[PDB]
$ cat run_21.cif   # mmCIF, C-alpha atoms
data_query
loop_
_atom_site.label_atom_id
_atom_site.label_comp_id
_atom_site.auth_asym_id
_atom_site.auth_seq_id
_atom_site.Cartn_x
_atom_site.Cartn_y
_atom_site.Cartn_z
CA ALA D 5 16.83 71.13 -12.14
CA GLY D 6 16.20 67.51 -11.28
CA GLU D 7 19.87 66.78 -12.01
CA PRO D 8 22.30 66.51 -9.08
CA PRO D 9 24.53 69.49 -8.14
CA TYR D 10 27.80 69.44 -10.14
CA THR D 11 30.89 70.74 -8.33
CA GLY D 12 32.98 70.51 -11.58
CA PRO D 13 36.73 69.90 -12.02
CA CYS D 14 38.06 73.22 -10.72
CA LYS D 15 39.15 73.47 -7.16
CA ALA D 16 37.74 76.80 -5.83
CA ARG D 17 35.13 76.86 -2.98
CA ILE D 18 32.19 78.89 -4.37
CA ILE D 19 28.88 78.49 -2.57
CA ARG D 20 26.07 78.23 -5.12
CA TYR D 21 22.40 77.14 -5.12
CA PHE D 22 20.85 74.08 -6.71
CA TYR D 23 17.19 72.97 -6.63
CA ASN D 24 16.94 69.85 -4.54
CA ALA D 25 14.17 68.02 -6.36
CA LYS D 26 13.34 65.60 -3.60
CA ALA D 27 12.94 68.28 -0.96
CA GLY D 28 11.23 70.96 -3.00
CA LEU D 29 13.70 73.84 -2.39
CA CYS D 30 16.94 75.54 -3.33
CA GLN D 31 19.93 74.58 -1.21
CA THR D 32 23.63 75.60 -1.19
CA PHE D 33 26.43 73.37 -2.54
CA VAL D 34 30.15 73.91 -3.28
CA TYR D 35 30.89 74.74 -6.85
CA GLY D 36 34.50 74.33 -8.04
CA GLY D 37 34.54 77.48 -10.22
CA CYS D 38 34.36 76.26 -13.84
CA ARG D 39 32.18 74.15 -16.14
CA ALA D 40 28.84 74.96 -14.38
CA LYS D 41 25.77 72.96 -15.29
CA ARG D 42 22.32 74.55 -15.31
CA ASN D 43 21.13 73.54 -11.80
CA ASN D 44 23.53 76.14 -10.32
CA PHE D 45 22.29 79.60 -9.33
CA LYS D 46 23.75 82.61 -7.61
CA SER D 47 20.69 83.31 -5.38
CA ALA D 48 17.89 81.42 -3.78
CA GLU D 49 15.30 83.57 -5.62
CA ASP D 50 16.88 82.81 -9.00
CA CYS D 51 16.74 79.16 -8.13
CA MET D 52 13.15 79.10 -6.95
CA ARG D 53 11.85 80.98 -9.97
CA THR D 54 13.58 78.89 -12.59
CA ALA D 55 12.41 75.62 -11.05
CA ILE J 1 44.11 69.06 0.67
CA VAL J 2 43.13 65.43 1.19
CA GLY J 3 45.65 63.22 2.98
CA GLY J 4 48.09 65.98 4.01
CA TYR J 5 49.29 67.35 7.38
CA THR J 6 48.85 70.65 9.22
CA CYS J 7 51.59 72.99 8.10
CA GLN J 8 53.83 74.19 10.87
CA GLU J 9 52.77 77.72 11.91
CA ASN J 10 53.87 79.97 9.23
CA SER J 11 56.26 77.63 7.49
CA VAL J 12 54.46 78.75 4.28
CA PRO J 13 54.75 82.60 4.53
CA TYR J 14 53.89 83.23 0.88
CA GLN J 15 50.47 81.53 1.08
CA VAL J 16 47.47 83.93 0.95
CA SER J 17 43.75 83.48 1.25
CA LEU J 18 41.43 85.19 -1.27
CA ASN J 19 38.32 86.31 0.46
CA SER J 20 35.13 87.91 -0.71
CA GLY J 21 33.06 87.19 2.49
CA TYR J 22 34.44 83.68 2.95
CA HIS J 23 37.66 82.00 1.72
CA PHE J 24 37.18 80.77 -1.82
CA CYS J 25 40.74 80.35 -3.30
CA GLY J 26 44.41 80.61 -2.34
CA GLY J 27 47.29 82.38 -4.04
CA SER J 28 50.98 83.21 -3.67
CA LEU J 29 52.77 86.43 -2.80
CA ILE J 30 55.41 87.02 -5.45
CA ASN J 31 56.56 90.52 -4.31
CA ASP J 32 55.26 93.05 -1.73
CA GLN J 33 52.51 94.35 -4.05
CA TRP J 34 51.48 91.39 -6.28
CA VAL J 35 49.81 87.99 -5.83
CA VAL J 36 49.54 85.23 -8.46
CA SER J 37 46.49 82.90 -8.43
CA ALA J 38 44.26 80.99 -10.91
CA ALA J 39 42.12 82.87 -13.46
CA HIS J 40 39.05 80.77 -12.55
CA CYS J 41 39.26 82.36 -9.04
CA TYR J 42 38.30 85.75 -10.57
CA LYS J 43 35.82 87.91 -8.64
CA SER J 44 35.42 91.67 -9.19
CA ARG J 45 36.09 92.43 -5.50
CA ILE J 46 38.72 90.40 -3.64
CA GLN J 47 40.40 91.00 -0.23
CA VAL J 48 43.77 89.20 0.18
CA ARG J 49 44.61 87.86 3.66
CA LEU J 50 48.28 87.36 4.34
CA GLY J 51 49.97 85.84 7.40
CA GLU J 52 47.09 83.41 8.07
CA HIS J 53 47.41 80.12 9.91
CA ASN J 54 43.89 79.72 11.28
CA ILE J 55 41.51 81.22 8.81
CA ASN J 56 38.61 81.43 11.31
CA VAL J 57 40.29 83.15 14.31
CA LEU J 58 41.91 86.57 14.36
CA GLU J 59 45.47 85.65 15.57
CA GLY J 60 46.91 89.15 15.27
CA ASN J 61 49.58 88.28 12.62
CA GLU J 62 47.45 88.86 9.54
CA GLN J 63 47.45 91.70 7.06
CA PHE J 64 44.20 92.19 5.07
CA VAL J 65 44.67 94.15 1.83
CA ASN J 66 42.11 94.80 -0.94
CA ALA J 67 42.95 93.95 -4.56
CA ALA J 68 43.44 97.20 -6.63
CA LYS J 69 43.84 95.51 -10.09
CA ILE J 70 43.06 91.87 -11.11
CA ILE J 71 44.52 90.83 -14.49
CA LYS J 72 43.72 87.48 -15.98
CA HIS J 73 45.97 85.96 -18.62
CA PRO J 74 44.66 87.25 -21.98
CA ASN J 75 44.28 83.76 -23.38
CA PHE J 76 42.53 82.09 -20.46
CA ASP J 77 39.99 79.58 -21.72
CA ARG J 78 37.03 79.01 -19.34
CA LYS J 79 36.30 75.56 -20.72
CA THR J 80 39.72 73.89 -21.25
CA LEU J 81 41.42 75.81 -18.40
CA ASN J 82 44.36 76.54 -20.60
CA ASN J 83 46.39 79.51 -19.25
CA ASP J 84 44.65 79.53 -15.89
CA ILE J 85 46.71 82.23 -14.20
CA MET J 86 45.78 85.62 -12.81
CA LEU J 87 47.76 88.44 -11.25
CA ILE J 88 46.41 90.64 -8.41
CA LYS J 89 47.88 94.05 -7.58
CA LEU J 90 47.40 94.95 -3.88
CA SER J 91 46.07 98.43 -2.92
CA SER J 92 49.20 99.11 -0.86
CA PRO J 93 52.42 97.10 -0.45
CA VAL J 94 52.43 94.63 2.45
CA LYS J 95 54.78 94.72 5.36
CA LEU J 96 57.17 91.81 4.71
CA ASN J 97 58.30 89.95 7.91
CA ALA J 98 58.46 86.49 9.57
CA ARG J 99 55.01 85.36 8.62
CA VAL J 100 54.56 87.31 5.32
CA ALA J 101 57.15 86.61 2.64
CA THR J 102 57.60 86.25 -1.08
CA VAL J 103 58.17 83.03 -3.09
CA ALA J 104 60.57 83.07 -6.03
CA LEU J 105 59.41 82.63 -9.62
CA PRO J 106 61.01 79.69 -11.42
CA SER J 107 64.51 79.54 -12.96
CA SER J 108 63.49 76.89 -15.45
CA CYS J 109 60.78 74.22 -15.62
CA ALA J 110 61.21 71.52 -12.98
CA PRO J 111 61.59 68.00 -14.27
CA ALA J 112 59.32 65.02 -13.55
CA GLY J 113 60.23 63.40 -10.27
CA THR J 114 60.81 66.72 -8.42
CA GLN J 115 59.15 66.76 -4.94
CA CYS J 116 56.87 69.73 -4.33
CA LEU J 117 55.02 71.20 -1.37
CA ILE J 118 51.33 72.07 -1.97
CA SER J 119 49.28 74.00 0.65
CA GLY J 120 45.72 75.28 1.08
CA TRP J 121 42.61 75.52 3.30
CA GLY J 122 40.48 73.40 0.89
CA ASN J 123 38.34 70.36 1.63
CA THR J 124 40.10 67.55 3.45
CA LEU J 125 37.88 64.65 2.30
CA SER J 126 37.51 62.81 -0.99
CA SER J 127 33.91 61.98 -0.20
CA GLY J 128 32.12 64.35 2.10
CA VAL J 129 33.10 67.85 3.23
CA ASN J 130 35.33 68.94 6.09
CA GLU J 131 36.96 72.31 5.66
CA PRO J 132 40.04 72.79 7.86
CA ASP J 133 40.60 75.85 10.07
CA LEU J 134 44.36 75.43 9.80
CA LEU J 135 46.54 75.43 6.67
CA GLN J 136 47.23 71.97 5.28
CA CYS J 137 50.40 70.90 3.44
CA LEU J 138 51.17 67.95 1.16
CA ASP J 139 54.44 66.71 -0.34
CA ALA J 140 53.95 65.20 -3.84
CA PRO J 141 55.96 64.65 -7.05
CA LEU J 142 55.67 66.31 -10.48
CA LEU J 143 54.60 63.39 -12.69
CA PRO J 144 55.86 62.70 -16.26
CA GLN J 145 53.90 64.39 -19.05
CA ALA J 146 52.87 61.01 -20.53
CA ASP J 147 51.15 59.83 -17.37
CA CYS J 148 49.36 63.16 -17.14
CA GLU J 149 48.12 62.72 -20.69
CA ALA J 150 47.10 59.08 -20.09
CA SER J 151 45.03 60.04 -17.05
CA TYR J 152 43.20 62.82 -18.91
CA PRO J 153 43.36 61.97 -22.69
CA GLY J 154 43.00 65.06 -24.84
CA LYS J 155 42.61 67.57 -21.95
CA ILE J 156 46.28 68.28 -21.06
CA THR J 157 48.03 71.23 -22.76
CA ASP J 158 51.71 72.16 -22.64
CA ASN J 159 50.81 74.81 -20.03
CA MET J 160 49.65 72.16 -17.52
CA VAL J 161 51.56 69.76 -15.32
CA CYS J 162 50.29 66.83 -13.23
CA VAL J 163 51.36 66.28 -9.63
CA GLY J 164 50.23 63.56 -7.29
CA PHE J 165 50.01 59.86 -6.90
CA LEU J 166 48.23 57.77 -9.47
CA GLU J 167 46.94 55.39 -6.77
CA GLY J 168 45.00 58.25 -5.14
CA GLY J 169 44.66 58.91 -1.40
CA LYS J 170 46.25 62.44 -1.41
CA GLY J 171 45.61 65.62 -3.51
CA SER J 172 44.17 69.19 -3.47
CA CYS J 173 40.39 69.74 -3.39
CA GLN J 174 37.76 72.52 -3.48
CA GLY J 175 39.11 75.55 -1.65
CA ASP J 176 42.71 75.00 -2.73
CA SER J 177 42.64 76.62 -6.26
CA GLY J 178 45.10 79.39 -6.93
CA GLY J 179 47.46 78.02 -4.25
CA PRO J 180 51.20 77.34 -4.56
CA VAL J 181 53.01 74.23 -5.70
CA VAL J 182 56.62 75.03 -4.67
CA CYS J 183 59.39 72.70 -5.85
CA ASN J 184 62.92 73.42 -4.60
CA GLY J 185 62.21 76.98 -3.39
CA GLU J 186 60.43 78.15 -6.64
CA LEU J 187 56.75 78.46 -7.53
CA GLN J 188 56.30 75.83 -10.23
CA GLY J 189 52.54 75.31 -10.22
CA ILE J 190 49.21 76.92 -9.43
CA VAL J 191 46.39 74.63 -8.18
CA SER J 192 43.79 74.43 -10.95
CA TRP J 193 41.77 71.26 -11.63
CA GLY J 194 41.33 67.48 -11.53
CA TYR J 195 38.39 65.03 -11.53
CA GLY J 196 37.33 64.39 -7.95
CA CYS J 197 39.76 64.84 -5.10
CA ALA J 198 42.51 62.24 -4.62
CA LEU J 199 40.94 59.55 -6.85
CA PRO J 200 42.97 56.69 -8.42
CA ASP J 201 44.42 57.65 -11.71
CA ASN J 202 43.04 61.20 -11.68
CA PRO J 203 46.03 63.26 -10.47
CA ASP J 204 45.93 67.03 -9.88
CA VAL J 205 46.83 69.31 -12.72
CA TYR J 206 48.40 72.62 -12.20
CA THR J 207 49.20 75.68 -14.30
CA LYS J 208 52.84 75.40 -15.32
CA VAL J 209 54.24 78.72 -13.98
CA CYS J 210 57.62 78.38 -15.80
CA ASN J 211 55.81 79.07 -19.11
CA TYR J 212 54.65 82.49 -17.81
CA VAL J 213 57.64 84.14 -16.11
CA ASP J 214 58.06 86.76 -18.85
CA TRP J 215 54.27 87.48 -18.99
CA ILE J 216 54.36 87.93 -15.18
CA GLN J 217 57.40 90.25 -15.12
CA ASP J 218 56.24 92.27 -18.13
CA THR J 219 52.77 92.72 -16.57
CA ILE J 220 54.13 93.87 -13.18
CA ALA J 221 56.36 96.38 -15.07
CA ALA J 222 53.56 97.84 -17.29
CA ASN J 223 51.39 98.13 -14.20
#
$ encode --input "run_21.cif" --output "structure tokens"
Amino acid sequence: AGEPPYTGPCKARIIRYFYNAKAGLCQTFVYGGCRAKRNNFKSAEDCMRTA
Amino acid sequence: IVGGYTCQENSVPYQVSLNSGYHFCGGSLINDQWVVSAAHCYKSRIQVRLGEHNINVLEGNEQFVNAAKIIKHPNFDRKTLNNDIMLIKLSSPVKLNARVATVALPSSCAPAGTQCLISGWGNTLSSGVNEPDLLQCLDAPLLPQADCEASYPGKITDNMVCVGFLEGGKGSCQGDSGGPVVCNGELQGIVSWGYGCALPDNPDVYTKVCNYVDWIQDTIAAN
């Protein structure tokens, strides 16, 4: 959850959440649609809890 | 599409947007009731928007139809992206006309060196984000299989084809998946994956539609 958001190699535009370490919250980023890493959540609440 | 040009209003009548609240992937109309796209664009609820030029303004030319059946290729692999193709059956047939038309499925596989037209509403920048309102187009060549393999050692299967320019500067990007790569009037590719957008020696790789014509036709018939 300290790792940077990973868009991945696929080219879809899927809005996902990642925990922005140096900010203290969950923010949206564009996920490409495949090969998700763990700092990638479908909701803000999912994101906040897991961090 | 990074480094492309605005497509002339409805010069690409087979292009569709896949929408679940916002645009997330493109696709192609292959007959009045079916759309082909990429299997990684799967969502359980999809609305297909046809006749779009400006995705953020109601222009009055669009038809919005919900997807009744979504069928991924049975051998789609989520990690290698092998067989990344998906068929969508529309709830009702669309009204074909000026702005909404079908694209033909391929006669044979197009050879390396064929020029192709790629289109989509994906990100326009290789670094940074700038999503266009208007459909973008790009003209780029199918590359030889060997160059495709040398750019991505070990990740290219026989169901994939590379298109682009190995010196970078132009290519599809997030928001373009599922979209058409039309070469000489036939749908030869489906936008799938690549590392980065428009980076030197990382060309775009597409699902090779010519390997799936019989799966497509046989699925539309059984359904």
$ residues_around --input "run_21.cif" --residues "residue 143 in chain J" --least-positions-apart "2" --cutoff "12 Å" --atoms "all atoms listed in the file" --output "PyMOL selection string"
chain J and resi 110-116+140-141+145-151+160-166+201-206
$ residues_around --input "run_21.cif" --residues "residue 175 in chain J" --least-positions-apart "2" --cutoff "6 Å" --atoms "only C-alpha atoms" --output "compact mmCIF listing (two decimals) with C-alpha atoms, keeping the file's coordinate frame"
# COMPACT_ATOMS: atom_id res chain seq x y z
CA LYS D 15 39.15 73.47 -7.16
CA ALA D 16 37.74 76.80 -5.83
CA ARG D 17 35.13 76.86 -2.98
CA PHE J 24 37.18 80.77 -1.82
CA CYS J 25 40.74 80.35 -3.30
CA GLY J 122 40.48 73.40 0.89
CA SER J 177 42.64 76.62 -6.26
$ atom_distance --input "run_21.cif" --atom1 "CA of residue 56 in chain J" --atom2 "CA of residue 134 in chain J"
8.4 Å
$ atom_distance --input "run_21.cif" --atom1 "CA of residue 117 in chain J" --atom2 "CA of residue 181 in chain J"
5.7 Å
$ closest_atom_pairs --input "run_21.cif" --of "chain D" --to "chain J" --cutoff "8 Å" --atoms "only C-alpha atoms" --output "CSV"
residue,atom,partner,partner_atom,distance
D:12,CA,J:195,CA,7.7
D:13,CA,J:195,CA,5.2
D:14,CA,J:193,CA,4.3
D:15,CA,J:174,CA,4.0
D:16,CA,J:175,CA,4.6
D:17,CA,J:175,CA,4.4
D:18,CA,J:24,CA,5.9
D:34,CA,J:174,CA,7.7
D:35,CA,J:174,CA,8.0
D:36,CA,J:174,CA,5.9
D:37,CA,J:40,CA,6.0
D:38,CA,J:40,CA,6.6
D:39,CA,J:79,CA,6.3
$ closest_residue --input "run_21.cif" --among "D:48, D:30, D:25, D:40" --to "residue 7 in chain D" --atoms "all atoms listed in the file"
D:25
$ resolve_selection --input "run_21.cif" --expression "the PyMOL selection byres ((chain D and resi 43) around 10)" --output "VMD selection string"
chain D and resid 5 to 10 20 to 24 30 40 to 42 44 to 45 51 54 to 55
$ resolve_selection --input "run_21.cif" --expression "the PyMOL selection byres ((chain J and resi 69-77) around 10)" --output "ChimeraX atom specification"
/J:34-46,66-68,78-91,212,215-216,219,223
$ atom_distance --input "run_21.cif" --atom1 "CA of residue 180 in chain J" --atom2 "CA of residue 126 in chain J"
20.3 Å
$ resolve_selection --input "run_21.cif" --expression "the PyMOL selection byres ((chain J and resi 211) around 9)" --output "NGL selection string"
:J and (108-109 or 158-159 or 207-210 or 212-215)
$ write_last_selection --input "run_21.cif" --atoms "C-alpha atoms" --output "short mmCIF file (atom, residue, chain, number, x, y, z; two decimals), in the coordinates of the input"
data_model
loop_
_atom_site.label_atom_id
_atom_site.label_comp_id
_atom_site.auth_asym_id
_atom_site.auth_seq_id
_atom_site.Cartn_x
_atom_site.Cartn_y
_atom_site.Cartn_z
CA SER J 108 63.49 76.89 -15.45
CA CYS J 109 60.78 74.22 -15.62
CA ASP J 158 51.71 72.16 -22.64
CA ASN J 159 50.81 74.81 -20.03
CA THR J 207 49.20 75.68 -14.30
CA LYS J 208 52.84 75.40 -15.32
CA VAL J 209 54.24 78.72 -13.98
CA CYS J 210 57.62 78.38 -15.80
CA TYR J 212 54.65 82.49 -17.81
CA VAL J 213 57.64 84.14 -16.11
CA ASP J 214 58.06 86.76 -18.85
CA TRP J 215 54.27 87.48 -18.99
#
$ decode --input "run_21.cif" --residues "range 142-154 of chain J" --atoms "N, CA, C and O atoms" --output "PDB file, in the first residue's frame"
ATOM      1  N   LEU J 142       0.859  -2.788 -39.604  1.00  0.00           N
ATOM      2  CA  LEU J 142       1.020  -4.083 -38.949  1.00  0.00           C
ATOM      3  C   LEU J 142       2.517  -4.334 -39.071  1.00  0.00           C
ATOM      4  O   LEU J 142       3.081  -4.180 -40.167  1.00  0.00           O
ATOM      5  N   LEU J 143       3.180  -4.702 -37.984  1.00  0.00           N
ATOM      6  CA  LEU J 143       4.607  -4.938 -37.965  1.00  0.00           C
ATOM      7  C   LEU J 143       4.895  -6.418 -38.184  1.00  0.00           C
ATOM      8  O   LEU J 143       4.002  -7.253 -37.948  1.00  0.00           O
ATOM      9  N   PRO J 144       6.097  -6.801 -38.644  1.00  0.00           N
ATOM     10  CA  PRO J 144       6.429  -8.224 -38.766  1.00  0.00           C
ATOM     11  C   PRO J 144       6.493  -8.928 -37.423  1.00  0.00           C
ATOM     12  O   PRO J 144       6.883  -8.318 -36.416  1.00  0.00           O
ATOM     13  N   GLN J 145       6.115 -10.207 -37.415  1.00  0.00           N
ATOM     14  CA  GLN J 145       6.004 -11.008 -36.201  1.00  0.00           C
ATOM     15  C   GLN J 145       7.285 -11.044 -35.377  1.00  0.00           C
ATOM     16  O   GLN J 145       7.232 -10.896 -34.155  1.00  0.00           O
ATOM     17  N   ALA J 146       8.433 -11.079 -36.051  1.00  0.00           N
ATOM     18  CA  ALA J 146       9.753 -11.033 -35.429  1.00  0.00           C
ATOM     19  C   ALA J 146      10.077  -9.784 -34.625  1.00  0.00           C
ATOM     20  O   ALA J 146      10.737  -9.837 -33.589  1.00  0.00           O
ATOM     21  N   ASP J 147       9.634  -8.636 -35.092  1.00  0.00           N
ATOM     22  CA  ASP J 147       9.846  -7.396 -34.370  1.00  0.00           C
ATOM     23  C   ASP J 147       8.963  -7.337 -33.159  1.00  0.00           C
ATOM     24  O   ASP J 147       9.361  -6.827 -32.115  1.00  0.00           O
ATOM     25  N   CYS J 148       7.753  -7.887 -33.296  1.00  0.00           N
ATOM     26  CA  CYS J 148       6.797  -7.985 -32.198  1.00  0.00           C
ATOM     27  C   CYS J 148       7.408  -8.835 -31.091  1.00  0.00           C
ATOM     28  O   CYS J 148       7.424  -8.446 -29.914  1.00  0.00           O
ATOM     29  N   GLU J 149       7.957  -9.988 -31.481  1.00  0.00           N
ATOM     30  CA  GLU J 149       8.573 -10.873 -30.518  1.00  0.00           C
ATOM     31  C   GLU J 149       9.804 -10.205 -29.913  1.00  0.00           C
ATOM     32  O   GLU J 149       9.940 -10.200 -28.698  1.00  0.00           O
ATOM     33  N   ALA J 150      10.677  -9.552 -30.660  1.00  0.00           N
ATOM     34  CA  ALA J 150      11.825  -8.891 -30.095  1.00  0.00           C
ATOM     35  C   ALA J 150      11.463  -7.764 -29.147  1.00  0.00           C
ATOM     36  O   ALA J 150      12.217  -7.478 -28.220  1.00  0.00           O
ATOM     37  N   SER J 151      10.362  -7.058 -29.343  1.00  0.00           N
ATOM     38  CA  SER J 151       9.988  -6.027 -28.392  1.00  0.00           C
ATOM     39  C   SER J 151       9.478  -6.637 -27.103  1.00  0.00           C
ATOM     40  O   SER J 151       9.713  -6.116 -26.023  1.00  0.00           O
ATOM     41  N   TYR J 152       8.783  -7.770 -27.146  1.00  0.00           N
ATOM     42  CA  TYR J 152       8.204  -8.343 -25.952  1.00  0.00           C
ATOM     43  C   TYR J 152       8.571  -9.818 -25.847  1.00  0.00           C
ATOM     44  O   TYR J 152       7.684 -10.664 -25.786  1.00  0.00           O
ATOM     45  N   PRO J 153       9.856 -10.166 -25.684  1.00  0.00           N
ATOM     46  CA  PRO J 153      10.330 -11.568 -25.658  1.00  0.00           C
ATOM     47  C   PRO J 153       9.500 -12.510 -24.801  1.00  0.00           C
ATOM     48  O   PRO J 153       9.270 -12.186 -23.628  1.00  0.00           O
ATOM     49  N   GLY J 154       8.981 -13.589 -25.361  1.00  0.00           N
ATOM     50  CA  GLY J 154       8.251 -14.536 -24.568  1.00  0.00           C
ATOM     51  C   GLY J 154       6.791 -14.168 -24.337  1.00  0.00           C
ATOM     52  O   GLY J 154       6.036 -15.037 -23.943  1.00  0.00           O
TER      53      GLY J 154
END
